[PDB]
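Asker: Got a structure for you, written out below as structure tokens; questions coming shortly.
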Amino acid sequence: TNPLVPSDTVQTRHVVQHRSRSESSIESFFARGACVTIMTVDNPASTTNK
Amino acid sequence: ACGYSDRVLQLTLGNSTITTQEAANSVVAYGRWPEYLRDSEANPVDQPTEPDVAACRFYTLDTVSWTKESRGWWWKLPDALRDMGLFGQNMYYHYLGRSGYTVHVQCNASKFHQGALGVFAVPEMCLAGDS
């Protein structure tokens with residue numbers, strides 16, 4: 001992939017960049033609990049056929 | 001000593017000069033003189049256009065008339081200057097723009113007239129609708 005930045009193809013001014021990629025680190029991309037299943041159980045009367 | 005005074009001012013920007021002999025000093029809103037965008041606060045990365053004297057100069061809008069029935073007037077900026085010379089052209093040719101302003105409101109009369117106008121500059125002057 002061609003590694004260009006804007007100053008390679010247009011005139012640019014100086015900009016002090018403050019943004020960071022902190023929230024797209026692997027750890028942060030995955031730092032959430034996700035539902036992987038729902039399990040059903042019950043507690044019926046003792047007189048049940050089931 | 002030389003007679004310099006609060007009331008007597010000269011303002012010069014680009015090819016234009018304003019004089020006044022009955023001023024009441026002048027206001028710098030929130031104590032902040034206009035400035036170009038610092039590198040530490042910059043955001044679009046392309047090299048900006050800065051028209052300088054082509055656009056930073058006094059433009060006079062159409063005059064209005066104050067009578068006993070006048071309730072007041074309003075304008076918005078940059079909108080009121082959208083059709084003003086090279087300021088207007090630079091505004092419409094570019095997606096983005098920023099600008100500060102010197103606003104000079106003029107209204108003379110006589111020592112036998114009376115009346116008082118409040119001249120307010122409001123950041124984000126959102127106005128109410130008719131519905």
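If you're wondering about the labels, chains in the structure tokens are A, B, ... by order shown, residues count from 1 in each chain, ligands from 1 in order shown.
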Just the residues within 9 Å of residue 84 of chain B, please, counting only C-alpha atoms, with nothing from its chain fewer than 6 positions along; format it as a list in words.
Answerer: residues 55, 59, 60 and 61 of chain B
Asker: Residues of chain A within 6 Å of chain B, counting only C-alpha atoms - could you list those as an MDAnalysis selection string?
Answerer: chainID A and resid 11:13 15:16
Asker: Between atom CA of residue 96 of chain B and atom CA of residue 26 of chain B, what is the spacing in Å?
Answerer: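 Calculated distance between atom CA of residue 26 of chain B and atom CA of residue 96 of chain B is 29.6 Å.
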Asker: Using only C-alpha atoms, which residues sit within 12 Å of residue 18 of chain B once same-chain residues fewer than 5 positions away are excluded, as a PyMOL selection string?
Answerer: chain B and resi 8-13+23+57-60+102-106
Asker: Save out the residues we just selected, N, CA and C atoms, as a compact mmCIF listing (two decimals), in the first residue's frame.
Answerer:
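Dumped to out11.txt:
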```
# COMPACT_ATOMS: atom_id res chain seq x y z
N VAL B 8 -12.09 60.53 20.41
CA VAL B 8 -11.64 60.82 19.07
C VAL B 8 -10.74 59.69 18.60
N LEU B 9 -11.19 58.90 17.66
CA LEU B 9 -10.46 57.72 17.22
C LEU B 9 -10.29 57.65 15.72
N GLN B 10 -9.25 56.95 15.31
CA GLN B 10 -9.08 56.62 13.91
C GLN B 10 -8.87 55.12 13.74
N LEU B 11 -9.58 54.43 12.87
CA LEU B 11 -9.38 53.00 12.67
C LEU B 11 -8.96 52.82 11.22
N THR B 12 -7.89 52.09 10.97
CA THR B 12 -7.46 51.86 9.60
C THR B 12 -7.29 50.37 9.34
N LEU B 13 -7.95 49.80 8.36
CA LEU B 13 -7.80 48.40 7.97
C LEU B 13 -7.79 48.32 6.45
N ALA B 23 -16.76 59.29 20.09
CA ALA B 23 -16.77 57.90 20.51
C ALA B 23 -16.89 57.77 22.02
N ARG B 57 -11.00 44.68 5.68
CA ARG B 57 -11.19 46.09 5.39
C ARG B 57 -12.63 46.48 5.67
N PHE B 58 -12.90 47.75 5.88
CA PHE B 58 -14.27 48.19 6.16
C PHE B 58 -15.30 48.13 5.02
N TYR B 59 -16.33 47.33 5.20
CA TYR B 59 -17.44 47.30 4.26
C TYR B 59 -18.68 47.99 4.83
N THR B 60 -19.26 48.97 4.15
CA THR B 60 -20.48 49.63 4.65
C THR B 60 -21.76 49.04 4.10
N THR B 102 -14.24 44.03 13.12
CA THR B 102 -14.46 45.27 13.82
C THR B 102 -15.81 45.79 13.34
N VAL B 103 -16.75 45.98 14.25
CA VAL B 103 -18.08 46.48 13.93
C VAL B 103 -18.19 47.93 14.35
N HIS B 104 -18.49 48.83 13.42
CA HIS B 104 -18.64 50.23 13.76
C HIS B 104 -20.02 50.76 13.39
N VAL B 105 -20.85 51.00 14.40
CA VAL B 105 -22.20 51.50 14.17
C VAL B 105 -22.20 53.01 14.27
N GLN B 106 -22.77 53.67 13.28
CA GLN B 106 -22.76 55.12 13.16
C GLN B 106 -24.13 55.78 13.22
```
Asker: Would you work out the distance separating atom CA of residue 97 of chain B from atom CA of residue 80 of chain B, expressed in Å to one decimal?
Answerer: 14.9 Å
Asker: Just to confirm, what's the straight-line distance from atom CA of residue 35 of chain A to atom CA of residue 23 of chain A in Å (one decimal)?
Answerer: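 One can read the atom CA of residue 35 of chain A to atom CA of residue 23 of chain A distance as 21.2 Å.
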